[PDB]
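**Q** One structure, pasted below without further comment.
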Amino acid sequence: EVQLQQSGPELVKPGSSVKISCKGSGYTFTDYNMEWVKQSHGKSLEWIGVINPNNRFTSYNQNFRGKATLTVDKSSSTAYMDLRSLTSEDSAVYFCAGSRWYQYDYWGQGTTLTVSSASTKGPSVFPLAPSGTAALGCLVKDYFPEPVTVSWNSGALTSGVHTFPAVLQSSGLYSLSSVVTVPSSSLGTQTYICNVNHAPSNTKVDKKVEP
Amino acid sequence: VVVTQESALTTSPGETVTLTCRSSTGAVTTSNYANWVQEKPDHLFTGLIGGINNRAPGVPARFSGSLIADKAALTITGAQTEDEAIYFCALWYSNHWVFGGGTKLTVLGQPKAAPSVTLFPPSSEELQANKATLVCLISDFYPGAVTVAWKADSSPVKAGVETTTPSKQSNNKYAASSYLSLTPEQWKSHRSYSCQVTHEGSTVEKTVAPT
């Protein structure tokens, strides 16, 4: 399969630099130029520039000169983009893409970059107690950074489970909830435990949710 | 230079839908090499059209590019439920790409459904932590759009509200969660708080009280 595999998510302080990699496999790497694109606010797209793996020729969006530097290593089929002097304006999802004959044929999976001086904060977990079917859940409050994951009954429970995307609050902290729809007749005789994982703070919480 | 696209379009399976792409410099020409790319959840970009109305590798025949008047166009014939996505166009200007703002394409692949709503009061444990969150669980609705409003007794409250963007359930309907943050004082000092959810087919209000 064609794969443009980018390096993983980045969380860095203002003023640092990051280098994003984009490794191509499953196609002739030298038949394509590597375009780079920034998506801000989860919406709008800006073209950063392009590099040709055959000859290292480059073209840039003038807005990114002195911000982004594009390089390439043909032999390892990898393109790179260095982003320097980082500010919160650079927080975004960045994409590499393989182009040929003025056509974007292939896209990387994206690299999320968060520029922030905020410190890690673990979550507080509270039950959403149930009072046909019934809904119960767990509320995961005021953590940073993403992500939190949630399972029920150590993964043994999945039917009727929905774990929501987090919300970003005014405070700059995240909160999310996970809910399960279960038979009312099972309330009081079935154990329901939500398992909340926040790897960035080395925190795990189990909460048994009871009527 | 500004590239402009419809912000949202709605279609149904089997229908034909046409997206357009305008350039602020004047008429789009084949030398703008209009590209169309598709964004699906989890930052998943797929190339669709580029060059001169050329389909990217593996793209279904139902996608085609053309010029319509002074604009570039993407036509999807026989639309499928999977075609729901954000569609971006990009135009070449001699030495750089410029992206449009994207078109959110809805494909109504499901019977419409108004949500089931469950409102959870703050848990006594959270109140003992000197905090209060009301959680409005909005489940099993279609299409993926609702409006949420909160009231303190019979008066609107806007401050301290965060709602998730609708998320797909395993049955392809949508769920969302809204959160109202209060102080313990505020929670105890009203008779009731309500979450009002409006969907095209129904408005439902759920109410919780500190008693």
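Residues in the structure tokens are numbered from 1 in each chain, the chains being A, B, ... in the order shown, and ligands are numbered from 1 in the order shown.
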Give the residues of chain A that lie within 8 Å of chain B; count only C-alpha atoms, and format the answer as a short mmCIF file (atom, residue, chain, number, x, y, z; two decimals) with N, CA, C and O atoms, in the first residue's frame.

**A**
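Ended up saving to out_34.cif:
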```
data_model
loop_
_atom_site.label_atom_id
_atom_site.label_comp_id
_atom_site.auth_asym_id
_atom_site.auth_seq_id
_atom_site.Cartn_x
_atom_site.Cartn_y
_atom_site.Cartn_z
N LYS A 43 -9.58 23.66 10.76
CA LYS A 43 -10.34 24.02 9.57
C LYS A 43 -9.43 24.35 8.39
O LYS A 43 -9.23 23.50 7.52
N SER A 44 -8.85 25.56 8.36
CA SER A 44 -8.29 26.12 7.14
C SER A 44 -6.87 25.63 6.85
O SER A 44 -6.04 25.44 7.75
N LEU A 45 -6.58 25.54 5.56
CA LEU A 45 -5.38 24.92 5.02
C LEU A 45 -4.50 25.98 4.39
O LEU A 45 -4.98 26.86 3.68
N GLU A 46 -3.20 25.90 4.66
CA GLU A 46 -2.22 26.77 4.03
C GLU A 46 -1.11 25.92 3.46
O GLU A 46 -0.59 25.03 4.14
N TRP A 47 -0.68 26.25 2.25
CA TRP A 47 0.46 25.58 1.64
C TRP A 47 1.75 26.18 2.16
O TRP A 47 1.95 27.40 2.07
N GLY A 49 5.11 24.68 1.36
CA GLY A 49 6.12 24.63 0.33
C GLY A 49 6.23 23.21 -0.20
O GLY A 49 5.42 22.35 0.12
N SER A 59 10.38 25.16 -3.40
CA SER A 59 9.60 26.38 -3.54
C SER A 59 8.86 26.57 -2.23
O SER A 59 8.39 25.59 -1.64
N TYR A 60 8.76 27.80 -1.77
CA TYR A 60 8.13 28.10 -0.50
C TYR A 60 7.04 29.14 -0.66
O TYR A 60 7.14 30.06 -1.47
N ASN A 61 6.08 29.04 0.25
CA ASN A 61 5.10 30.11 0.47
C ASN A 61 5.93 31.14 1.21
O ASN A 61 6.61 30.74 2.14
N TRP A 101 2.69 16.02 -11.41
CA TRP A 101 1.87 16.63 -12.48
C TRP A 101 0.72 17.47 -11.91
O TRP A 101 -0.44 17.36 -12.33
N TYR A 102 1.09 18.33 -10.95
CA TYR A 102 0.18 19.28 -10.31
C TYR A 102 -1.03 18.59 -9.70
O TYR A 102 -2.16 19.09 -9.81
N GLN A 103 -0.79 17.41 -9.11
CA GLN A 103 -1.83 16.62 -8.47
C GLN A 103 -1.33 16.04 -7.15
O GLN A 103 -0.28 15.38 -7.12
N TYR A 104 -2.08 16.31 -6.08
CA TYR A 104 -1.84 15.74 -4.74
C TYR A 104 -2.38 14.32 -4.71
O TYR A 104 -3.57 14.08 -4.48
N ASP A 105 -1.52 13.36 -4.99
CA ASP A 105 -1.98 11.98 -5.06
C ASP A 105 -2.10 11.32 -3.69
O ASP A 105 -3.01 10.52 -3.46
N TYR A 106 -1.15 11.58 -2.79
CA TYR A 106 -1.01 10.82 -1.55
C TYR A 106 -0.81 11.78 -0.38
O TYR A 106 -0.19 12.82 -0.55
N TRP A 107 -1.42 11.47 0.77
CA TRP A 107 -1.33 12.30 1.96
C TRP A 107 -0.80 11.52 3.16
O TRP A 107 -1.21 10.38 3.39
N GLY A 108 0.10 12.15 3.93
CA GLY A 108 0.45 11.62 5.24
C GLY A 108 -0.72 11.66 6.21
O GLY A 108 -1.78 12.23 5.93
N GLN A 109 -0.54 11.04 7.37
CA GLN A 109 -1.60 10.96 8.36
C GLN A 109 -1.71 12.21 9.21
O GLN A 109 -2.66 12.33 9.99
N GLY A 110 -0.80 13.18 9.05
CA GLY A 110 -0.84 14.37 9.87
C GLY A 110 0.01 14.27 11.14
O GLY A 110 0.14 13.20 11.74
N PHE A 126 -15.55 11.38 38.32
CA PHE A 126 -16.78 11.36 39.08
C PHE A 126 -17.79 10.47 38.39
O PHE A 126 -17.80 10.33 37.17
N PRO A 127 -18.65 9.82 39.17
CA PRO A 127 -19.63 8.93 38.59
C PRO A 127 -20.80 9.74 38.06
O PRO A 127 -21.12 10.81 38.57
N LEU A 128 -21.40 9.20 37.01
CA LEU A 128 -22.67 9.67 36.46
C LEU A 128 -23.63 8.53 36.77
O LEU A 128 -23.78 7.60 35.98
N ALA A 129 -24.28 8.62 37.92
CA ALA A 129 -24.97 7.49 38.51
C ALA A 129 -26.34 7.33 37.85
O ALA A 129 -27.04 8.31 37.63
N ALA A 135 -28.97 4.84 31.43
CA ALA A 135 -27.68 5.39 31.09
C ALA A 135 -26.91 5.65 32.38
O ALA A 135 -27.48 6.10 33.37
N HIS A 162 -20.26 4.67 24.75
CA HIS A 162 -19.84 5.77 23.89
C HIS A 162 -18.95 6.69 24.72
O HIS A 162 -19.39 7.23 25.74
N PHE A 164 -17.03 10.14 24.59
CA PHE A 164 -17.12 11.36 23.81
C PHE A 164 -15.75 11.99 23.56
O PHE A 164 -14.81 11.80 24.35
N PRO A 165 -15.63 12.77 22.49
CA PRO A 165 -14.47 13.67 22.36
C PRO A 165 -14.40 14.63 23.52
O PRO A 165 -15.41 15.06 24.07
N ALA A 166 -13.18 15.00 23.89
CA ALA A 166 -13.05 16.00 24.92
C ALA A 166 -13.53 17.37 24.46
O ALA A 166 -13.62 17.68 23.26
N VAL A 167 -13.87 18.18 25.47
CA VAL A 167 -14.07 19.62 25.30
C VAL A 167 -12.86 20.35 25.85
O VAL A 167 -12.30 19.97 26.90
N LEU A 168 -12.45 21.40 25.14
CA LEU A 168 -11.46 22.35 25.64
C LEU A 168 -12.20 23.51 26.31
O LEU A 168 -13.07 24.15 25.68
N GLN A 169 -11.89 23.75 27.56
CA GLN A 169 -12.63 24.72 28.35
C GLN A 169 -11.89 26.05 28.36
O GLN A 169 -10.74 26.14 27.93
N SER A 177 -16.44 12.73 28.86
CA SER A 177 -17.36 11.82 29.57
C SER A 177 -17.44 10.53 28.77
O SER A 177 -17.16 10.56 27.59
#
```

**Q** Let's see if you can do this: from backbone DSSP, list all strand (DSSP E) residues in range 41-202 of chain A, as a PyMOL selection string.

**A** chain A and resi 44-51+58-60+68-73+78-83+92-99+104-107+111-115+124-128+133-143+149-152+161-163+167-168+174-183+193-198

**Q** Which distance in Å separates CA of residue 8 in chain B and CA of residue 103 in chain B, to one decimal?

**A**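 CA of residue 103 in chain B lies 5.1 Å from CA of residue 8 in chain B.
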
**Q** Grab the CA of residue 186 in chain A to CA of residue 152 in chain A distance for me, in Å with one decimal place.

**A** 15.1 Å

**Q** Please determine, counting only C-alpha atoms, which residue among A:117, A:190, A:133, A:87 has the shortest atom-to-atom distance to residue 210 in chain A.

**A**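 Ranking A:117, A:190, A:133, A:87 by distance to residue 210 in chain A, first place goes to A:190.
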
**Q** May I have the residues within 12 Å of residue 157 in chain B as a list in words, using only C-alpha atoms and disregarding those fewer than 3 positions away in the same chain?

**A**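 These residues fall inside the cut-off: residues 148, 149, 150, 151, 152, 153, 154, 160, 161, 162, 179, 180, 181, 182, 186, 193, 194, 195 and 196 of chain B.
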
**Q** Return as a compact mmCIF listing (two decimals) with C-alpha atoms, in the first residue's frame the full set of residues in chain B whose backbone-based DSSP assignment is alpha helix (DSSP H).

**A**
```txt
# COMPACT_ATOMS: atom_id res chain seq x y z
CA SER B 124 -22.28 14.46 45.62
CA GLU B 125 -18.60 13.56 45.31
CA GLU B 126 -17.92 16.45 42.96
CA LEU B 127 -19.80 18.83 45.23
CA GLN B 128 -17.53 17.69 48.06
CA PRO B 184 -22.00 24.42 44.54
CA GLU B 185 -23.72 27.65 45.70
CA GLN B 186 -25.39 28.22 42.33
CA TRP B 187 -26.51 24.58 42.14
CA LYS B 188 -28.08 24.61 45.60
CA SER B 189 -29.61 28.10 45.19
```

**Q** Do a neighbour search on range 75-81 of chain A at 8 Å with only C-alpha atoms, toss out local chain neighbours closer than 5 positions, and write the hits as a PyMOL selection string.

**A** chain A and resi 19-25+29+34+53+68-70

**Q** At a cut-off of 7 Å, using only C-alpha atoms, what residues contact residue 141 in chain B? Leave out same-chain residues fewer than 6 positions from it and give the result as a list in words.

**A**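 Returned residues: residues 113, 114, 115, 173, 174 and 175 of chain B.
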
**Q** From the list B:69, B:145, B:105, B:2, which residue is nearest residue 25 in chain B when using only C-alpha atoms?

**A**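 Ranked by minimum distance to residue 25 in chain B, first place goes to B:2.
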